[PDB]
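Undergrad: First, the structure itself, so that you have it in front of you.
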Amino acid sequence: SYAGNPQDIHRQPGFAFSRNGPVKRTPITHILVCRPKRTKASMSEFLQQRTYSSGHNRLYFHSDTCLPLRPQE
Amino acid sequence: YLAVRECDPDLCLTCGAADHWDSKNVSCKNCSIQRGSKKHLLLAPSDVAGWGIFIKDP
Amino acid sequence: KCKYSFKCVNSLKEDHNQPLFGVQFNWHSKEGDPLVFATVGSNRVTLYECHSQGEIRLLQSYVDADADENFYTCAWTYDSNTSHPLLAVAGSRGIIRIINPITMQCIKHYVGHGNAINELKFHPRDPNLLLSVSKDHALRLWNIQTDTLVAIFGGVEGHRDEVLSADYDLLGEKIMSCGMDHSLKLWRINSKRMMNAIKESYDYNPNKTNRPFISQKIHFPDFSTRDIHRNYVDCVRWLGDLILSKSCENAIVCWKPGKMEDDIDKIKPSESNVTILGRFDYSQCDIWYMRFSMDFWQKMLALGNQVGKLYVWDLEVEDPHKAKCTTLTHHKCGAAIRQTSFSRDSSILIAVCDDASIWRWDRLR
Amino acid sequence: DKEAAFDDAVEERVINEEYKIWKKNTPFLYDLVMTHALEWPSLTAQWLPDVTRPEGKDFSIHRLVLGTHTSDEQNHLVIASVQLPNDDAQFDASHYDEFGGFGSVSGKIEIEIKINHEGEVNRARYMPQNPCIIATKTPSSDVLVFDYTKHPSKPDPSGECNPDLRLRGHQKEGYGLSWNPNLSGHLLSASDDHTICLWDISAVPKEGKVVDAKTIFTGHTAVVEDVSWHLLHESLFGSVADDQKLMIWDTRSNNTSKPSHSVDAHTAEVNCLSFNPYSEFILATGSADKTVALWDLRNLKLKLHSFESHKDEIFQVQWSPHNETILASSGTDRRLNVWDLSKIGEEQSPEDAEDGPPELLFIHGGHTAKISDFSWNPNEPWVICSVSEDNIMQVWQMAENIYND
Ligand SMILES: [Zn+2]
C-alpha cells in the first residue's frame with residue numbers, strides 16, 4: 001500500500017498525495033534486515049522476518065467519530 | 001495492598017491520600033484511580049482487526 | 001378524477017444490469033434548458049438526457065468498480081459560485097462523492113460514517129448543506145463549502161438505531177428523521193445554538209485552527225414519538241405544518257404533532273400525545289428502503305411500487321386527500337420502482353426500475 | 001491539464017510499486033536496513049564522528065543530524081542517537097528482541113537535543129573538528145548555528161529560539177552549506193541568488209548573534225545548488241551552478257569573479273560537486289544532462305568515463321573516503337548511484353553491458369521523492385545516511401561481498 005504519509009490516504013480528491021508541500025507526521029523507525037548470514041547456495045532454500053519498529057507509524061482517529069486525528073492535534 | 005484496597009482519605013492520613021488534593025499524582029501510588037488521573041490513549045485501525053487503542057507514552 | 005394525464009415517451013437500459021435505488025430530477029434547471037435526470041445502481045452511475053417527441057438519449061456514464069462499492073442516493077444540488085449542477089452519491093463504504101458532469105470528475109469525498117449512507121437531502125435556503133443519515137445509529141449534517149461536519153444529531157437520547165431516511169420542512173426550519181427504531185424523533189434547527197453553529201461553519205477554516213471543528217452533539221431531540229409507527233419508518237415528508245411520514249404499512253400517515261389547537265412551533269418537548277389526520281392507502285407496497293418525492297407545487301405526490309404500478313396524489317384541494325386519484329401503468333413495467341421524480345414544471349415524470357431502466361413520462365399540459 | 005494530472009497520478013502509483021519491489025531486496029544487497037521517519041520532514045543528513053562501545057553493550061554510540069522542513073509548527077532542529085550491530089551482529093542469537101548485537105528496542109532512534117528553529121532547515125553540516133557546533137540554512141537571509149549541548153532538551157511549546165550565532169550574509173533563500181574538515185570553522189554556503197557565500201566561523205565571538213559574511217563568491221551566472229571543499233587541500237573548493245560550469249575556485253586568489261577552473265564540463269544545468277580524499281584526483285559532479293562525469297585535477301579538459309546512468313538533475317554527489325576508487329551521486333531522479341573505476345574502460349561480458357556501464361557499480365533505489373542529502377559514515381565502512389523529501393531518513397550499508405577476492 002502507500003508507503004508515504006498516511007495523512008494523504010484519506011485526503012479529499014484533488015489534494016491526496018498531490019505533493020503541494022511538506023506534510024507533518026509522527027516519528028517512526030523501521031528495522032527489518034538485521035544481518036545477512038552470507039551463506040552458500042543450498043537446494044533446501046529453493047524447496048520469520050520479525051521486523052523491528054518504533055514510535056508511531058500510522059494515522060490516528062478521534063474518539064467521538066471517524067474523523068482522522070492529525071499529528072498536530 | 002493485602003486487602004486489595006485503596007486508601008481512604010479520612011483514615012489513611014499521613015500516607016498521602018488526603019494531603020494536596022488539588023495537585024498532581026500524590027506520593028501514595030494506591031490513589032491514582034481515586035483521583036481519576038490516567039494515561040492518554042489514542043484510536044487507530046488495529047493491526048489485528050478493527051480499531052485499537054495505542055498508548056502515547058510508555 | 002384528477003386533472004393530470006402523463007404518457008410514456010421513451011425508455012432505455014443500463015450496461016451493468018443491476019438494481020437502481022436513487023433517482024432524482026434536476027429541479028434547479030430553469031425554463032429553456034431541456035430536462036436532465038440521473039440514476040444510480042451497482043458500481044457504475046449513469047446520467048441521461050431525454051428530448052421531446054418520445055426520445056431518450058444517454059449523455060454520460062461513470063463507473064467505480066475499483067473496489068466493492070455501491071450507491072444508494074442520488075440527491076441533486078448545485079454550486080452557487082460555479083453554477084453547474086452536482087450529484088451526490090454514497091453507500092457501501094459510506095464515501096459521499098459529489099460528481100460534476102460538466103467537468104466529468106469527482107469534486108469531494110466524505111468519510112467518517114460507521115456504515116453505508118442510506119439517504120441524502122439538501123437544505124433549501126443554503127444549497128451547500130447536506131442531510132446525511134448514516135447507518136451507524138446517527139444522523140449528520142455536512143457543509144459542502146468547508147467540508148466540515150456541522151452537527152452530529154444523535155447521542156444520549158438520539159438515534160437508538162440506524163436512521164433510514166429523513167426530510168426537511170417546507171421552509172427549512174424543522175428537520176424530521178425516520179429510523180429503524182420505530183421512532184419519528186425530530187431535531188429542530190431553530191435553536192440559537194443551531195444558528196451559531198451554522199454561522200461558525202460558514203466562517204470556519206480547518207487550516208487556521210489546530211483544534212478540530214467543535215460539532216454540536218444534539219443528544220436530546222426537541223420532540224420524539226414512537227406510537228405513530230408500529231414498525232420501522234423509511235420515508236418522511238413535510239406537508240406544510242403537518243408530517244407525511246411513510247413506513248412499511250403501505251400507507252403514508254398525515255399527522256400533526258401534539259394536540260389539535262396547539263401551535264406546532266410552540267409545542268413543548270414534554271408532549272406525549274399525537275393525533276392522526278390523514279393517511280393515503282395503497283397495496284402491494286410492503287418492501288423496505290423505498291422513497292417518494294412529491295411535486296414542487298405540492299399538488300402532486302408520487303410513490304413508486306414494487307409490482308410496477310405508479311400512484312399520484314392530489315394534496316391541494318379542500319380538506320385532506322380523499323377519493324382514489326389515478327394510477328400510471330407502463331407497457332414494459334415489470335421490475336420494482338424505488339424512486340420517482342417530477343420536474344420543476346409539472347410536465348415530465350421519470351420512474352426508475354430494479355434494472356436501471358428509466359421510464360420517462362410526459363403530461364399533456 | 002487533466003491528462004497531465006492523470007499521468008502524474010499513474011507515475012506516483014508506479015513509483016510506489018517500484019519502491020515496494022525495492023524493499024524486498026534489502027538483505028541480498030545491504031548489510032543493514034535502518035529507515036526512520038522523522039516527525040518533521042528531513043531536508044538534510046549528516047554523520048557525527050562520536051562513537052562509544054562499552055563493555056556489555058556491543059553497540060556503538062552513533063549520532064546523526066536530522067532536519068525539519070515543515071511549513072510552520074514550532075520549527076525545530078532534531079539531533080538523535082543511533083547504534084550499530086558491530087562485529088558481533090547477532091542477527092538472531094536466540095535472544096533478539098534489544099538485540100544481541102546492538103540496541104533493537106527502546107531508544108533506537110531516540111532524540112537527544114531538539115533546539116527550536118526559525119523557518120526551514122536546508123542543511124545540517126557540522127564541524128568535524130568541533131562536533132558541538134552545527135550550522136543550518138533557512139529561507140531568510142541569515143544562517144543558523146546551534147549547539148546541542150548548551151541548548152536545553154525537551155523543547156517547550158514555543159518557538160523562535162535564539163541560536164546566539166546567526167550568519168547573515170545571504171540575500172535570498174539558500175540551499176548550500178559545507179564545513180572544512182582540515183581547518184576548524186570556514187563554513188561556505190551556496191544560495192539561489194547566483195552566488196556562494198563563505199563565513200570565517202572558527203573562533204566565532206561569544207554570543208555572536210550578528211555575523212557578517214567573511215567572503216562572497218559571485219562568479220556563476222545562474223543559480224548555484226552546492227558548494228564543497230577539497231579534502232586533501234583546504235586552499236580551494238568547487239562552485240557548481242545551473243550555468244553549464246562545474247567551476248572550482250582557489251581560495252586567497254584575489255579574484256571573486258573568475259573561478260580558477262572554468263571548464264564547462266557539461267552542456268546543461270549542474271547541481272552537485274564533490275571530491276575524494278583517498279583519490280584526490282577523482283571528483284564527481286552532478287548535472288541536469290544526466291551525464292555525471294568524473295574529472296581529474298591534472299587533466300580536466302579531457303573527458304573520462306562519464307557515468308551514463310542518471311535520468312534527471314543531480315543535486316548531491318559524494319565519493320567514499322575509506323575506499324580508493326568508489327564514488328557516488330544522487331539527485332532529483334531519487335537514485336543513489338555508486339560509481340566505480342576499476343571496471344572503467346575495460347572489456348565486459350554482454351550481460352554486464354546490458355546491466356549498464358561497467359564503471360557504474362551500485363545504484364540505490366530506496367527513495368520516493370527527490371533525494372535531499374546523502375553521506376557516508378566515517379566510522380562504519382559502508383554505512384550511508386540518505387534522506388528524501390518524504391520525511392524518511394535511511395541508514396544502510398552497501399554490501400562488501402562484491403569486493404571479495
Ligand atoms: Zn491505606
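The way I read the labels, and the way they are meant: chains A, B, ... in the order of the C-alpha cells, residue 1 as the first residue of every chain, and ligand 1 as the first ligand shown, with later ones counted on from there.
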Pick out the residues sitting within 7 Å of region 26-35 of chain A, and hand them over as a PyMOL selection string; count only C-alpha atoms, and ignore anything fewer than 6 positions along from it in its own chain.
TA: (chain A and resi 49-57+71) or (chain D and resi 26-27+31-39+89+91+109)
Undergrad: Do a neighbour search on residue 333 (chain D) at 8 Å with only C-alpha atoms, toss out local chain neighbours closer than 6 positions, and write the hits as a PDB file with C-alpha atoms, in the first residue's frame.
TA:
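Wrote part-v1.pdb, looks like this:
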ATOM      1  CA  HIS D 310      21.305   9.318 -14.395  1.00  0.00           C
ATOM      2  CA  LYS D 311      17.899  10.383 -15.708  1.00  0.00           C
ATOM      3  CA  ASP D 312      17.366  13.871 -14.217  1.00  0.00           C
ATOM      4  CA  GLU D 313      19.173  16.692 -12.413  1.00  0.00           C
ATOM      5  CA  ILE D 314      21.737  15.551  -9.836  1.00  0.00           C
ATOM      6  CA  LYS D 370      13.680  13.898  -4.542  1.00  0.00           C
ATOM      7  CA  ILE D 371      16.838  12.966  -2.644  1.00  0.00           C
TER       8      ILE D 371
END
Undergrad: May I have all residues of region 181-321 of chain D that DSSP, computed from the backbone, assigns to strand (DSSP E or B), given as a PyMOL selection string?
TA: chain D and resi 187-191+196-199+210-211+215-217+224-229+236-241+244-245+248-250+261+283-285+293-295+306+314-317
Undergrad: Given a cut-off of 8 Å, what residues near ligand 1 show up using only C-alpha atoms and all ligand atoms, put as a list in words?
TA: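 Within the 8 Å cut-off, the matching residues are residues 1, 5, 6, 7, 8, 11, 12, 15, 17 and 30 of chain B.
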Undergrad: Based on the selection just made, write C-alpha atoms of those residues as a PDB file, in the first residue's frame.
TA:
ATOM      1  CA  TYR B   1      -2.441  -3.864  49.419  1.00  0.00           C
ATOM      2  CA  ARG B   5      -7.980  -1.766  48.668  1.00  0.00           C
ATOM      3  CA  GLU B   6      -7.473   1.930  48.045  1.00  0.00           C
ATOM      4  CA  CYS B   7      -6.521   4.484  50.719  1.00  0.00           C
ATOM      5  CA  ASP B   8      -9.494   6.143  52.408  1.00  0.00           C
ATOM      6  CA  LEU B  11      -8.435   7.152  57.523  1.00  0.00           C
ATOM      7  CA  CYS B  12      -5.074   6.929  55.716  1.00  0.00           C
ATOM      8  CA  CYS B  15       0.060   8.048  53.669  1.00  0.00           C
ATOM      9  CA  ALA B  17      -4.495  10.013  50.421  1.00  0.00           C
ATOM     10  CA  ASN B  30      -2.579   3.456  45.664  1.00  0.00           C
TER      11      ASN B  30
END
Undergrad: Counting only C-alpha atoms, which of A:45, A:5, A:72, A:65 gets nearest to chain B?
TA: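 Closest to chain B of all the choices is A:65.
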Undergrad: Show me, as an MDAnalysis selection string, the residues of chain A whose atoms get within 6 Å of chain C, using only C-alpha atoms for the distance check.
TA: chainID A and resid 12:13 66:67
Undergrad: Take the residues that were just selected and, keeping N, CA and C atoms, output them as a compact mmCIF listing (two decimals), in the first residue's frame.
TA:
# COMPACT_ATOMS: atom_id res chain seq x y z
N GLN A 12 -9.01 14.70 0.70
CA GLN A 12 -10.05 14.91 -0.29
C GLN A 12 -9.48 14.77 -1.71
N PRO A 13 -10.30 14.33 -2.66
CA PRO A 13 -9.82 14.24 -4.05
C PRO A 13 -9.36 15.59 -4.57
N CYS A 66 -15.25 9.10 13.29
CA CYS A 66 -14.18 8.51 12.49
C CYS A 66 -13.35 9.57 11.77
N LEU A 67 -13.34 10.80 12.27
CA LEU A 67 -12.53 11.84 11.66
C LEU A 67 -11.05 11.56 11.93
Undergrad: How far is it from CA of residue 236 (chain C) to CA of residue 164 (chain C), in Å with one decimal?
TA: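 Rounded to one decimal, the two atoms are 10.0 Å apart.
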Undergrad: Go through D:268, D:198, D:78, D:341 and flag the residue nearest residue 323 (chain D), using only C-alpha atoms for the distances.
TA: D:341
Undergrad: Please provide as an MDAnalysis selection string all residues within 8 Å of residue 110 (chain D), with the sequence filter that same-chain residues fewer than 3 positions apart are discarded (counting only C-alpha atoms).
TA: chainID D and resid 80:82 106:107
Undergrad: For the atom pair CA of residue 143 (chain D) and CA of residue 330 (chain D), what is the interatomic distance in Å to one decimal place?
TA: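 CA of residue 330 (chain D) lies 24.6 Å from CA of residue 143 (chain D).
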Undergrad: Please report as a tab-separated table every residue of chain D lying within 12 Å of chain C, along with the nearest atom pair and their distance in Å (one decimal), using only C-alpha atoms.
TA:
residue	atom	partner	partner_atom	distance
D:2	CA	C:105	CA	9.8
D:6	CA	C:105	CA	11.6
D:72	CA	C:207	CA	11.8
D:73	CA	C:210	CA	10.1
Undergrad: Pull out every residue of chain A sitting within 8 Å of chain B, counting only C-alpha atoms, and send them as a list in words.
TA: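 The contacting residues on chain A are residues 58, 59, 60, 61, 62 and 63 of chain A.
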Undergrad: CA of residue 194 (chain C) and CA of residue 171 (chain C), how far apart in Å?
TA: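 Interatomic distance here is 15.4 Å.
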Undergrad: Got a sec: who's within 12 Å of residue 347 (chain C), counting only C-alpha atoms, leaving out chain neighbours fewer than 6 positions off, as a PyMOL selection string?
TA: chain C and resi 4-9+34-35+52+295-297+300+341+360-365
